[PDB]
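As structure tokens, the structure follows; a few thoughts come after it.
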Amino acid sequence: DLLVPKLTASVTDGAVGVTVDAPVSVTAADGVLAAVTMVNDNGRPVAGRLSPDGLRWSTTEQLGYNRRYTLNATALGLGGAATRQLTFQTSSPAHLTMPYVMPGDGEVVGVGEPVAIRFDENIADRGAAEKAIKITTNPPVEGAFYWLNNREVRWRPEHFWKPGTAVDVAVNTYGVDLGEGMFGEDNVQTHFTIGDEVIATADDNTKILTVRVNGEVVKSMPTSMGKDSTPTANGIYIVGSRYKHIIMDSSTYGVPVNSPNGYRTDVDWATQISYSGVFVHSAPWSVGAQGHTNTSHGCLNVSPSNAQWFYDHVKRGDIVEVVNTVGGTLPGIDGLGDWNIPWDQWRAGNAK
Ligand SMILES: *[C@@H]1CC(=O)N(c2ccccc2)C1=O
């Protein structure tokens, strides 16, 4: 004869510590769903949708933390009715943390821009954070996570992006335990595209900064780099913020302004290429040295003409490579020196 309806929920009655990273759902068997309601302690209805066939019902909005939810469902069929009531307690985070993703949604960036996810708290379970971040690419390319510090994680392929590539980032950290009770405050989703290949190279042996667009030299800039005592580091740099004019306070980098190697002046047409202070800026006071000798604290001294041209034609994510200098190699965890870490080490990751 007719069979008694059966109900199924994605939560268990009496569950404590239920994660809010997924929807709560009720499914019916041997019948249809006649009524479903979910409420918090205070009694406010939690939004939900029922499938046209009446078999599946799921929550249509996020669920809060430290909540006591009550789910009431009724199934009807030819073989009778069934009513269930459930109550579960959602997660109680010891602390929350909001993610911050760059580059911004819709941007077009150079072939060296890595996907960056920054949290405003230290992350204790890095693997949980890597698992909660989805990275889609078209054309699909291999990539890998690597942490610069306890709070920011990066993702890039082995070699520079092939132009025209779409990148989609889905940081689905809400409802996910990130260690020691650290849960996500919200989710984020950005998308960006890779633009022209723009690789600029600065050779200390020639003291010249050459900008190449799509493999073709388009500009040759005489420059003066870091002097022997405060030299520019060799390696690959990624282009960051661009300023029509920027006040260079030495204290920003921990070096006191009232010091031999300190400084507090205002320069024009500055393109940041290092968190540690390396720039490409306008330096009128060194035109004579530019192209011959080094007389700076680390940034590439360029004429106002060329500096502005650099400002106008170089976008976030383009590459600046420095070679044959007397200084060392840019640290891989600088924040813009990601490509200076060997691919094997980067791929391996440091999730611990
Ligand atoms: C790199 C960092 C900075 O701000 N620099 C500087 C510009 C003008 C005068 C003194 C120092 C650099 O060389």
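Residues in the structure tokens are named by chain (A, B, ... in the order shown) and by number from 1 within that chain; ligands are numbered from 1 in the order shown.
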Kindly provide the residues of range 216-306 of chain A that approach range 201-206 of chain A to within 8 Å, each paired with its closest atom pair and their distance in Å to one decimal, based on only C-alpha atoms, listed by chain and increasing number, as a Markdown table.
```
| residue | atom | partner | partner_atom | distance |
| --- | --- | --- | --- | --- |
| A:225 | CA | A:204 | CA | 7.8 |
| A:291 | CA | A:206 | CA | 7.1 |
| A:292 | CA | A:206 | CA | 7.6 |
```
Residue selection dump (N, CA, C and O atoms) as a compact mmCIF listing (two decimals), in the first residue's frame:
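File produced: out.txt:
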```txt
# COMPACT_ATOMS: atom_id res chain seq x y z
N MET A 225 70.54 54.66 -10.17
CA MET A 225 69.98 53.77 -9.17
C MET A 225 70.69 53.95 -7.83
O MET A 225 71.48 54.88 -7.64
N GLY A 291 72.15 57.62 -16.30
CA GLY A 291 72.84 57.06 -17.44
C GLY A 291 74.33 56.90 -17.26
O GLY A 291 75.01 56.48 -18.21
N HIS A 292 74.87 57.20 -16.08
CA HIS A 292 76.30 57.12 -15.87
C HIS A 292 76.65 56.54 -14.51
O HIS A 292 77.35 55.52 -14.43
```
Pull the closest atom pair for each residue of chain A that gets at most 7 Å from ligand 1, along with the distance in Å to one decimal, counting only C-alpha atoms and all ligand atoms, ordering rows by chain and then ascending residue number, as JSON lines.
```
{"residue": "A:226", "atom": "CA", "partner": "ligand 1", "partner_atom_place_in_ligand_line": "13 (O)", "distance": 6.7}
{"residue": "A:248", "atom": "CA", "partner": "ligand 1", "partner_atom_place_in_ligand_line": "4 (O)", "distance": 4.4}
{"residue": "A:249", "atom": "CA", "partner": "ligand 1", "partner_atom_place_in_ligand_line": "4 (O)", "distance": 6.6}
{"residue": "A:250", "atom": "CA", "partner": "ligand 1", "partner_atom_place_in_ligand_line": "4 (O)", "distance": 6.4}
{"residue": "A:263", "atom": "CA", "partner": "ligand 1", "partner_atom_place_in_ligand_line": "10 (C)", "distance": 5.2}
{"residue": "A:264", "atom": "CA", "partner": "ligand 1", "partner_atom_place_in_ligand_line": "10 (C)", "distance": 7.0}
{"residue": "A:265", "atom": "CA", "partner": "ligand 1", "partner_atom_place_in_ligand_line": "9 (C)", "distance": 6.0}
{"residue": "A:267", "atom": "CA", "partner": "ligand 1", "partner_atom_place_in_ligand_line": "8 (C)", "distance": 6.5}
{"residue": "A:277", "atom": "CA", "partner": "ligand 1", "partner_atom_place_in_ligand_line": "2 (C)", "distance": 4.7}
{"residue": "A:278", "atom": "CA", "partner": "ligand 1", "partner_atom_place_in_ligand_line": "1 (C)", "distance": 4.9}
{"residue": "A:279", "atom": "CA", "partner": "ligand 1", "partner_atom_place_in_ligand_line": "1 (C)", "distance": 5.7}
{"residue": "A:296", "atom": "CA", "partner": "ligand 1", "partner_atom_place_in_ligand_line": "13 (O)", "distance": 4.7}
{"residue": "A:297", "atom": "CA", "partner": "ligand 1", "partner_atom_place_in_ligand_line": "13 (O)", "distance": 3.7}
{"residue": "A:298", "atom": "CA", "partner": "ligand 1", "partner_atom_place_in_ligand_line": "13 (O)", "distance": 4.3}
{"residue": "A:299", "atom": "CA", "partner": "ligand 1", "partner_atom_place_in_ligand_line": "1 (C)", "distance": 3.8}
{"residue": "A:300", "atom": "CA", "partner": "ligand 1", "partner_atom_place_in_ligand_line": "13 (O)", "distance": 6.8}
```
Original post:
Can you list, as a PyMOL selection string, every protein, DNA or RNA residue that comes within 9 Å of range 157-161 of chain A when you count only C-alpha atoms, leaving out same-chain residues fewer than 2 positions away?
Top reply: chain A and resi 110-114+141-144+155+163-165+194+197+339+342-344+346-347
**OP:** Point out the residue among A:229, A:85, A:318, A:255 with the least atom-to-atom distance to residue 8 in chain A, counting only C-alpha atoms.
**Re:**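 That would be A:85, the residue with the smallest distance to residue 8 in chain A.
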Subject >> Nearest to residue 285 in chain A, chosen from A:63, A:348, A:96, A:302, with only C-alpha atoms counted in the distances >> reply: A:302
Subject >> Near-residue 86 in chain A list (6 Å; only C-alpha atoms; drop same-chain fewer than 3 positions) as a ChimeraX atom specification >> reply: /A:13,70-71
Dump of C-alpha atoms for the selected residues, as a PDB file, in the first residue's frame:
```
ATOM      1  CA  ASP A  13      18.498  17.738  15.771  1.00  0.00           C
ATOM      2  CA  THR A  70      14.533  25.800  14.914  1.00  0.00           C
ATOM      3  CA  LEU A  71      13.432  23.993  11.747  1.00  0.00           C
TER       4      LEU A  71
END
```
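Closest to residue 122 in chain A among A:233, A:50, A:153, A:38 is A:153, based on only C-alpha atoms.
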**OP:** Can you pull out every residue within 7 Å of range 309-311 of chain A, counting only C-alpha atoms, but drop anything in the same chain fewer than 3 positions away, and send it as an MDAnalysis selection string?
**Re:** chainID A and resid 242 269 271 305:306 314
**OP:** Compare A:87, A:258, A:274, A:282 by their minimum atom-to-atom distance to residue 246 in chain A, counting only C-alpha atoms, and give me the closest one.
**Re:** A:282
Original post:
Excluding same-chain residues fewer than 5 positions from range 42-47 of chain A, what lies within 7 Å of it counting only C-alpha atoms, as JSON, numbers by chain?
Top reply: {"A": [59, 60, 61]}
Output file for the residues above (N, CA, C and O atoms, as an mmCIF file, in the first residue's frame):
```cif
data_model
loop_
_atom_site.group_PDB
_atom_site.id
_atom_site.type_symbol
_atom_site.label_atom_id
_atom_site.label_comp_id
_atom_site.auth_asym_id
_atom_site.auth_seq_id
_atom_site.Cartn_x
_atom_site.Cartn_y
_atom_site.Cartn_z
ATOM 1 N N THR A 59 17.611 27.199 2.386
ATOM 2 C CA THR A 59 17.685 28.577 2.848
ATOM 3 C C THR A 59 18.293 29.466 1.771
ATOM 4 O O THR A 59 19.268 29.095 1.111
ATOM 5 N N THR A 60 17.714 30.653 1.603
ATOM 6 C CA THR A 60 18.109 31.574 0.547
ATOM 7 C C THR A 60 18.965 32.730 1.048
ATOM 8 O O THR A 60 19.298 33.620 0.258
ATOM 9 N N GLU A 61 19.331 32.745 2.328
ATOM 10 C CA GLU A 61 20.159 33.805 2.881
ATOM 11 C C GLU A 61 21.180 33.200 3.832
ATOM 12 O O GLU A 61 21.112 32.020 4.188
#
```
Subject >> A:337, A:54, A:262, A:184 ranked by distance to residue 236 in chain A, top pick (using only C-alpha atoms) >> reply: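 Closest to residue 236 in chain A of all the choices is A:337.
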Original post:
In Å to one decimal, how far is CA of residue 7 in chain A from CA of residue 77 in chain A?
Top reply: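 That distance, rounded to one decimal, is 11.6 Å.
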Subject >> DSSP alpha helix (DSSP H) residues within range 120-307 of chain A, listed as a PyMOL selection string >> reply: chain A and resi 126-131+304-307
Subject >> Selection near residue 213 in chain A, 9 Å with only C-alpha atoms, sequence-local residues under 6 positions removed, as a list in words >> reply: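 Using only C-alpha atoms, the neighbours found are residues 196, 197, 198, 199 and 200 of chain A.
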Original post:
Could you state the separation of CA of residue 108 in chain A and CA of residue 210 in chain A in Å, given to one decimal place?
Top reply: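 Taking CA of residue 108 in chain A as the start and CA of residue 210 in chain A as the end point, the length is 22.4 Å.
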At a cut-off of 6 Å, can you tabulate as a tab-separated table every residue of range 68-160 of chain A near range 167-173 of chain A together with its closest atom pair and the distance in Å to one decimal, using only C-alpha atoms and ordering rows by chain then number?
```
residue	atom	partner	partner_atom	distance
A:132	CA	A:172	CA	5.3
A:133	CA	A:171	CA	4.5
A:134	CA	A:170	CA	5.0
A:135	CA	A:169	CA	4.9
A:136	CA	A:168	CA	5.0
A:137	CA	A:167	CA	4.8
```
So that I have them on file, write out the residues from the current selection with C-alpha atoms, as a PDB file, in the first residue's frame.
```pdb
ATOM      1  CA  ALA A 132      38.148  28.059   0.843  1.00  0.00           C
ATOM      2  CA  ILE A 133      39.617  30.153  -2.015  1.00  0.00           C
ATOM      3  CA  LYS A 134      38.584  29.161  -5.547  1.00  0.00           C
ATOM      4  CA  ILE A 135      40.678  30.401  -8.479  1.00  0.00           C
ATOM      5  CA  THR A 136      39.311  30.002 -12.010  1.00  0.00           C
ATOM      6  CA  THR A 137      41.438  30.864 -15.043  1.00  0.00           C
TER       7      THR A 137
END
```
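Considering only C-alpha atoms, the residue among A:16, A:75, A:102, A:4 positioned nearest to residue 28 in chain A is A:75.
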